[PDB]
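Numbering (full-length UniProt numbering), first residue to last: 43 to 356. In this text, a Cβ means the ideal position worked out from N, Cα and C, and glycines have one as well. Below: the structure, in C-alpha cells.
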Ligand SMILES: O[C@@H]1[C@@H](O)[C@H](S[C@@H]2CO[C@@H](S[C@@H]3CO[C@@H](S[C@@H]4CO[C@@H](O)[C@H](O)[C@H]4O)[C@H](O)[C@H]3O)[C@H](O)[C@H]2O)OC[C@H]1O
C-alpha cells in the first residue's frame with residue numbers, strides 16, 4: 043500500500059473522512075479526499091440545521107453534494123445524523139409534546155427517504171447518554187419525549203429505509219465505563235425486542251496519550267450483542283504547537299485505535315473527523331488544543347499517517 047485507502051481496502055475495512063463539501067473547490071483537499079479514503083461522512087451537511095431550517099422545508103443541496111461526491115468517487119456513504127440535541131433549529135426547540143414528536147418523526151422520515159439507496163448507514167441517534175451513566179441531561183429530545191424517543195427514531199428510520207444500517211453513536215464510550223454500560227444496556231434491550239438497530243458508533247475524540255486500553259474488549263462485547271461496530275469521528279488532540287514527542291505519541295495512539303478495530307471482526311472500520319488540522323473543529327472548542335488529524339495545516343502527512351498504514355496491516 044502507498045495510501046491509507048490501499049491499506050484499508052487491502053484489510054477489507056473502511057477508512058473514512060468527514061467532508062465539508064465547500065472544501066471540494068480547494069484542489070489539494072479534494073486530491074487527498076479522492077485518494078486516501080474509501081468512505082465519506084458529512085461533517086455538517088446532513089445535520090438537522092443543514093437539512094430542515096424551517097418546519098417541513100428542506101434544504102438538501104449541501105447533503106446532495108456530499109452524496110454525489112461519494113457516488114462519483116466510488117466511496118461508501120455514511121449518514122450523520124438524524125436525531126441529535128446539538129445543531130437543532132430553534133423552531134424545533136419551540137415545539138412540545140406530540141407536535142415535537144411529530145417534527146422528529148417527519149425529520150427522520152424525510153431525510154432518510156431523501157437519501158435512500160445512497161446512504162448505506164445512518165447515525166439515527168447521536169449522543170443520547172451522559173458521562174457517568176444514564177441519559178443526557180441537556181437534550182430537547184430527552185426533555186420533551188423521555189426515554190422512548192430513541193426507539194421511536196429507530197423504528198421511523200427503518201419504516202422509511204428498509205435496508206440501511208441503523209446506528210447509535212456516542213463519545214466517551216470507548217472504554218468500559220458507566221456511559222458505555224448504559225449504551226450497552228440499550229443495545230442489548232433493542233436486539234432482544236427486535237427494535238431495528240444494526241450498528242454502534244464510537245466517536246473516539248481522544249487526547250494524545252490517553253487511548254483506553256480496554257477499547258478492543260469494549261468493541262468486542264458490543265459486536266457480541268449481534269451488531270456491527272465502527273470508529274466514527276476519530277481525532278487525537280494535543281497541546282499546540284506540535285513537537286516530535288507529541289507527534290510520536292499521537293502516531294502510537296492512532297495505531298492503537300486502528301488495531302483495536304482490526305482485532306474485532308465486526309468492526310467495519312475507522313472514520314477520521316476531517317483531513318487537515320487547517321480545518322479541524324478542535325481549536326474552536328478547546329482553547330490551545332489542536333493538531334488532532336493525520337495531515338497538518340499545510341497538508342503534509344504527520345507521523346500518524348505511517349501508523350495508520352501499519353495498523354491496517356500494510
Ligand atoms: O453554525 C454551525 C456550527 O455550529 C458548526 S461547528 C461544528 C460543530 O460540530 C463539530 S463535530 C463535534 C465533534 O465532537 C462531538 S463530542 C464532543 C467531544 O468533547 C466533549 O467534551 C465535547 O463536549 C463534546 O461535544 C461534538 O458533540 C460535535 O459537536 C463539527 O466538526 C463542527 O464543524 O458548523 C456548521 C455551522 O453551520
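Problem set entry | Beta-carbon gap between residue 74 and residue 296 smaller than 8 Å | What you label residue 74 is simply residue 32 of the chain shown in a count that begins at 1. What you label residue 296 is simply residue 254 of the chain shown in a count that begins at 1. The answer is no: Cβ separation not under 8 Å.
Exercise. If you run the structure through DSSP and keep just helix, strand and coil, what is residue 305?
Worked result: Sequence index remark: in the chain shown, residue 305 carries index 263 (1-based). Three-state result, residue 305: coil.
Exercise. Considering only residues of the stretch 216 to 283, which uninterrupted alpha helix (DSSP H) runs meet the minimum length of 4 residues and lie entirely inside it, listed in chain order?
Worked result: 220 to 235, 257 to 265
For this session: Rounded to whole angstroms, what's the CA-CA distance from residue 120 to residue 113? Just pull it up for me.
Result: By one-based count along the chain shown, residue 120 stands at place 78. By one-based count along the chain shown, residue 113 stands at place 71. If I take the Cα positions, the gap works out to 12 Å.
Exercise. So, do the stretch 121 to 136 and the stretch 77 to 93 have three or more beta carbon pairs nearer to each other than 8 Å?
Worked result: yes
Exercise. So does residue 128 have its beta carbon nearer than 7 Å to some heavy atom of ligand 1?
Worked result: Indexing the chain shown from 1 puts residue 128 at position 86. Because some heavy atom of ligand 1 lies under 7 Å away, the Cβ of residue 128 counts as near it: yes.
Problem set entry | Pair within 8 Å by beta-carbon distance, residue 273 and residue 228 | Here residue 273 is taken as the residue at index 231 of the chain shown, counted from 1. Here residue 228 is taken as the residue at index 186 of the chain shown, counted from 1. No, the pair does not count as a contact, with Cβ atoms beyond the cut-off.
Exercise. If we count Cβ pairs, one from each stretch, closer than 8 Å, do we get three or more for the stretch 234 to 242 versus the stretch 199 to 211?
Worked result: yes
For this session: Kindly give me the distance between the Cβ atoms of residue 171 and residue 212, rounded to whole angstroms, as I take these residues to be in contact under 8 Å.
Result: Indexing the chain shown from 1 puts residue 171 at position 129. Indexing the chain shown from 1 puts residue 212 at position 170. About 6 Å separates the two Cβ atoms, so the contact holds.
Exercise. Assuming residue 81 contacts residue 117 under a Cβ cut-off of 8 Å, what Cβ separation, rounded to an integer in Å, is found between them?
Worked result: For the purposes of this step, residue 81 is taken as residue 39 along the chain shown, with counting starting at 1. For the purposes of this step, residue 117 is taken as residue 75 along the chain shown, with counting starting at 1. Correct: roughly 6 Å between the Cβ atoms.
Problem set entry | Identity of the residues DSSP links to residue 358 by a beta bridge | The requested residue 358 is not part of the displayed model; the chain covers only 43 to 356.
Problem set entry | residue 345, buried or exposed, once every other Cβ within 10 Å from all chains shown has been counted against 16 | As a working note, residue 345 is residue 303 in the chain shown. Buried.
For this session: Rank 59, 78, 58, 159 by C-alpha distance to the C-alpha of residue 48 and give the top, closest one.
Result: Position 6 of the chain shown, counted from the start, is the residue given in the question as residue 48. Checked all of 59, 78, 58, 159; the closest Cα to residue 48 is 78.
Exercise. Is the closest heavy atom of ligand 1 to the C-beta of residue 337 under 7 Å?
Worked result: In the chain shown, the residue the question calls residue 337 occupies position 295. Residue 337 Cβ: outside cutoff for every heavy atom of ligand 1.
Problem set entry | Cβ-based burial, residue 327 [other Cβ within 10 Å; buried from 16] | Position 285 of the chain shown, counted from the first residue, corresponds to residue 327. With fewer than 16 Cβ atoms within 10 Å of its Cβ, residue 327 is classed as exposed.
Problem set entry | Neighbour-count burial assignment, residue 95, 16 or more Cβ in a 10 Å radius | Position 53 of the chain shown, counted from the start, is the residue given in the question as residue 95. That one is exposed.
Exercise. For residue 252, which of 152, 198, 51, 278 has the nearest alpha-carbon?
Worked result: Counting from 1 along the chain shown, the entry for residue 252 is found at position 210. It is 278.
For this session: Determine the contact status of residue 311 and residue 56, defining contact as a CB-CB distance below 8 Å.
Result: In the chain shown, residue 311 corresponds to position 269, counting from 1. In the chain shown, residue 56 corresponds to position 14, counting from 1. Yes, they are a contact pair.
Problem set entry | Every unbroken alpha helix (DSSP H) within the stretch 173 to 201, with a cutoff of 4 residues, ordered by chain | 182 to 187
For this session: Check whether the Cβ of residue 323 sits closer than 7 Å to any heavy atom of ligand 1, and report yes or no.
Result: In the chain shown, residue 323 corresponds to position 281, counting from 1. Yes, the beta carbon of residue 323 sits closer than 7 Å to at least one heavy atom of ligand 1.
Exercise. If you count every other CB in all the chains shown that lies within 10 Å of the CB of residue 313, and 16 or more means buried, which is it?
Worked result: For the purposes of this step, residue 313 is taken as the residue at position 271 of the chain shown. Looking at its Cβ environment, which holds 16 or more other Cβ atoms inside 10 Å, residue 313 is buried.
Exercise. Considering only residues of the same chain and omitting the five flanking positions on each side of residue 69, which have a CB-CB separation below 7 Å?
Worked result: Within the chain shown, the letter at position 27 stands for residue 69. Once the five neighbours on either side are set aside, residue 69 has no close Cβ partner at all.
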